[PDB]
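Take a look at the letters that make up each chain.
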Amino acid sequence: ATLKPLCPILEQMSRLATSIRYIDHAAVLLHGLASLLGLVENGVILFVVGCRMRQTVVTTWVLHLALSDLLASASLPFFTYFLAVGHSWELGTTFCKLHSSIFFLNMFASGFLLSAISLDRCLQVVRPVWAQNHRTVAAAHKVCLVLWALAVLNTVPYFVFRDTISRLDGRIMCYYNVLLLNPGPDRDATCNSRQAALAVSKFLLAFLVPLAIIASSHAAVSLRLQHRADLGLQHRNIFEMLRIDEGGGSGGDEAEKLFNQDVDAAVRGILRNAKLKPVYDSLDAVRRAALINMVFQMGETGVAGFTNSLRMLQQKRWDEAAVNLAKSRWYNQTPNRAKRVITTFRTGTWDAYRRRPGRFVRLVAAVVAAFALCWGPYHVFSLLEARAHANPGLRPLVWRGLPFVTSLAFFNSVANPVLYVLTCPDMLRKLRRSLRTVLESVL
Ligand SMILES: CN([C@@H]1CCc2c(c3ccccc3n2CC(=O)O)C1)S(=O)(=O)c1ccc(F)cc1
Ligand SMILES: CCCCCCCC/C=C\CCCCCCCC(=O)O
Ligand SMILES: CCCCCCCC/C=C\CCCCCCCC(=O)O
């Protein structure tokens, strides 16, 4: 036989005269239905958004946001089995680590994605010139891959410090064991230090900091839109295009700004090139603005690569240039930012990017609301559990609330897909269409 040293928080939990267990069937059914609903709801969401819906940047955020919830409701039926046998983990040690990791993986992922969403909207409003030339779908996909890697990285310690602990009544707990690996000379000290180190860091990186970014990005937008509304109602600013001085301040540090919008710098480069300058002189003010965007999107070298297209613009053969530009890799990989430039060359009319209002606003505000209401109460008790190492009086209070608010965060994965439909008419329409098509196939 063996013997492991445990933290005082655990030892009391390991001591609460019979092998017979009482089964709360109500919780079994409650978590049972939540498993099926959670899998089916997020299941059809991924299909509707990903297969039968036009792919943009915002729908990419939601797509990954529905993927983490799918994994979250995949671990749920194993937790139902846990309750079915009277609160006991009977599926080995390695499966205990993996099952627990999913909960934390979904936690960090959801907190990072809600941050990315708020920042994507912020860049769209605060820096219009940059956004229209770089906010592509492929970039949105690339960002998510980084976020998941950081999500996995932050769930590494929780995988390590999970362990199965035998009780005195026969049950087997699956919970924290901060002494499992590399315990210091002082067990009591390292029990408290690394426990608070987990509760505090998880509270900041995955909740408080997301909420801070969300609220901070929300205030920047509302003020920027108010200023823009005042500019639009001015007679002078009627046909103005590619503005920068909306944020105020001087215009001397334009070459040093992140998410750059230095329009003047590109113009000097255009005149420096022997290929682009005579073409630039041929075009009118509107078609010059579209040429600058091309320089912004692929650089001077790439724009000078379209020989036949430049020759067509210089002779004012617009429709002929439009046909040529449409058969390129530039238009094939990023159609949205490309179609806007090509059409400008055709019509000779400018289409304002800052005219287009944001989408999925009702969706994000609803998911955030559910996010703060489900993970809110959880972190409150989690921080108290770390505090309960020095104060013994808080311990019975933790044993009551923590099992509930944990299941509350669990049910967050079941709430979101319902909220997706109620705040997005396009989603609901596309769903009833698929539903009707499916039912018609049988008849
Ligand atoms: C009910 N059991 C755990 C409660 C807390 C908890 C569990 C769990 C499983 C996966 C992911 C997270 C989980 N949490 C919350 C957390 O890890 O912070 C099961 S229990 O009987 O072992 C238990 C009951 C009361 C308690 F205070 C601690 C553990
Ligand atoms: C296993 C059961 C659940 C399966 C439901 C349907 C799965 C298919 C979902 C969409 C697949 C194609 C997605 C294409 C968009 C890629 C966007 C991205 O992930 O960056
Ligand atoms: C499965 C149980 C989990 C449910 C947790 C609660 C989820 C819903 C949270 C609050 C949603 C409120 C939405 C706020 C926007 C209201 C829409 C409006 O009036 O414009």
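Residues numbered from 1 in each chain as written, not as in the entry; some residues may be left out. Chains lettered and ligands numbered in written order. Heavy atoms only, no water. Residues with missing side-chain atoms left out of burial classes, pairs and counts.

Structure determination for this entry, per the PDB record, employed X-ray crystallography and reached 2.7380 Å resolution.

Asks: Can you break down the overall build of the chain residue by residue, with the values?
Replies: For the chain, the helix and strand inventory stands at 20 helices and two strands. The C-alpha radius of gyration computed for the chain amounts to 28 Å, which surpasses the reference 22 Å derived for 443 residues by more than 25%, pointing to a less compact arrangement than a globule. Seen through its C-alpha atoms, the chain measures out along the principal axes to roughly 95 × 65 × 40 Å. (Helix = DSSP H or I, 4+ residues; strand = E, 2+ residues; numbered from the N terminus. Rg over C-alpha atoms; globule rule 2.2 N^0.38 Å.)

Asks: An account of the packing of aromatic side chains is requested, with residue identities and associated values reported.
Replies: Throughout the structure, instances matching the rule amount to 17 aromatic pairs. Judged by centre distance (5.2 Å) and plane angle (85°), the ring pair of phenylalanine 103 and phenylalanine 104 falls under edge-to-face. Of the two residues, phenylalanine 103 and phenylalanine 104, both sit in the buried class. Both rings, one in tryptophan 375 and one in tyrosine 378, keep their centres 6.0 Å apart while their planes meet at 90°; by these two values the pair is edge-to-face. Look at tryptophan 375 and you get buried, because its relative accessible area is 2%. (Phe/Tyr/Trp six-rings, centres within 6.5 Å; stacked < 30°, edge-to-face > 60°. Buried < 20%, exposed > 50% of the residue type's maximum accessible area, 1.4 Å probe, protein only.)

Asks: Give me the packing of helix α13 (residues 318–326) against helix α15 (residues 335–347): which residues, what numbers.
Replies: In contact at an axis separation of 8 Å, α13 and α15 are set at 165° when each is read in the N-to-C sense. Taken as axis vectors, α13 and α15 run roughly antiparallel relative to one another. Pair α13 / α15 crosses with left-handed handedness. Counting all contacts with α13, which are made through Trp318, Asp319, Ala322, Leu325 and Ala326, the residues of α15 involved are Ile342, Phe345 and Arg346. Residues belonging to the contact of α13 with α15 are distributed by class as follows: six nonpolar, no polar and two charged. (Axes fitted to C-alpha atoms, helices over the stretch in contact; angles between N-to-C directions. Parallel < 35°, antiparallel > 145°, perpendicular 65-115°, else oblique. Left-handed = near helix turned anticlockwise from the far one by under 90°. Contact = heavy atoms within 4.5 Å. Nonpolar A, V, L, I, M, F, W, Y, C, P; charged D, E, K, R; others polar.)

Asks: I'd love a proper account of the site of ligand 2, names of residues and values included.
Replies: Taken together, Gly43, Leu46, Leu63, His64 and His141 make up all the residues around ligand 2. Within the side chain of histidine 64, one N or O atom sits 3.5 Å away from an oxygen atom of ligand 2. Measuring from an oxygen atom of ligand 2, one finds a side-chain N or O atom of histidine 141 at 2.4 Å. Computed on the free molecule, ligand 2 has an accessible area of 590 Å², of which 44% lies beneath the protein chains in the complex. Secondary structure elements with two or more residues in the shell around ligand 2: α2 (25–51) and α3 (58–84). The class makeup of the residues in the shell around ligand 2 is two nonpolar, three polar and no charged. (Near = heavy atom within 4 Å. Polar contact = N/O pair within 3.5 Å; in protein donor to acceptor, adjacent residues only side chain to side chain. Areas by Shrake-Rupley, 256 points an atom, 1.4 Å probe, with all protein chains shown as cover.)

Asks: For the side chain of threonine 155, give the residues involved together with the corresponding values.
Replies: Here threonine 155 lies in the loop between α6 (137–154) and α7 (156–160). For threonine 155, the residues in contact, after removing those within four places along its chain, are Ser101, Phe104, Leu105 and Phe108.

Asks: Which residues make up the domain arrangement of the chain, and what values go with them?
Replies: Domain parsing of the chain yields domain 1 (8–220 + 358–442) and domain 2 (263–347). Taking the mean C-alpha position of each, domain 1 and domain 2 sit 47 Å from one another. Facing five residues of domain 1, the contacting portion of domain 2 comprises six residues. Between domain 1 and domain 2, a total of about 560 Å² is buried, with carbon and sulfur atoms accounting for 42% of that surface. At the boundary of domain 1 with domain 2, the tally comes to four residue pairs in polar contact. Looking at the side of domain 1 that touches domain 2, its residues break down into one nonpolar, four polar and no charged. (Domains from an automatic or database assignment. Buried area = accessible area lost by both parts, 1.4 Å probe.)

Asks: Please provide a residue-by-residue account of the pattern of salt bridges, values included.
Replies: Oppositely charged side chains can form a pair if their charged atoms are brought close together. A full pass over the atoms with the stated rule returns 17 salt bridges. With a closest N to O distance of 3.1 Å, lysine 257 and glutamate 254 form a salt bridge. By relative accessible area, which is 25% here, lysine 257 ends up partly exposed. A residue is classified by how much of its surface remains accessible, and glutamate 254, at 13% relative accessible area, is buried. Sharing partners across several salt bridges, the network here consists of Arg224, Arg228, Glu240, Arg243, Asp245, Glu246 and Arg354. (Salt bridge = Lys/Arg side-chain N within 4 Å of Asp/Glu carboxyl O.)

Asks: Before we move on, could you go through the UniProt feature "disulfide bond" in the chain and cite the residues and values that matter?
Replies: Of the disulfides catalogued by UniProt, the one between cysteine 96 and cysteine 174 is formed in the present coordinates, where the sulfur separation is 2.0 Å. Of this pair, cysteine 96 sits in helix α4 (residues 94–126) while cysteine 174 sits in strand β2 (residues 172–176), and the two are 78 residues apart along the sequence. Residue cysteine 174 is classed as buried on the basis of its relative accessible area, which comes to 16%. (Disulfide = S-S within 2.5 Å. UniProt positions renumbered as here; feature names shortened; annotations may be inferred.)

Asks: Quick one: what's the story with the state of the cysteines, residue by residue and with numbers?
Replies: One pass over the full model with this rule turns up two disulfides. Covalently, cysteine 7 is tied to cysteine 191 through a disulfide, its sulfur atoms 2.0 Å apart. On the sign convention where negative means left-handed, the S-S torsion of about -95° between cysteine 7 and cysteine 191 marks this disulfide as left-handed. Comparing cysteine 7 with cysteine 191 shows no difference in burial state: the two are buried. Disulfide partner of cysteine 96: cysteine 174, at an S-S distance of 2.0 Å. One disulfide, between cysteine 96 and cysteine 174, carries an S-S torsion of 95° and so falls in the right-handed class. Sequence-ordered numbering of the bonded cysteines in the chain gives a pairing of 1-4, 2-3. Not part of a disulfide, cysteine 51 finds its nearest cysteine sulfur in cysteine 424, a span of 17 Å. Here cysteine 144 stays free of any disulfide, with the sulfur of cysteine 51 as its closest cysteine sulfur at 17 Å. Exposure remark for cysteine 144: the relative accessible area of 0% places this residue in the buried category.

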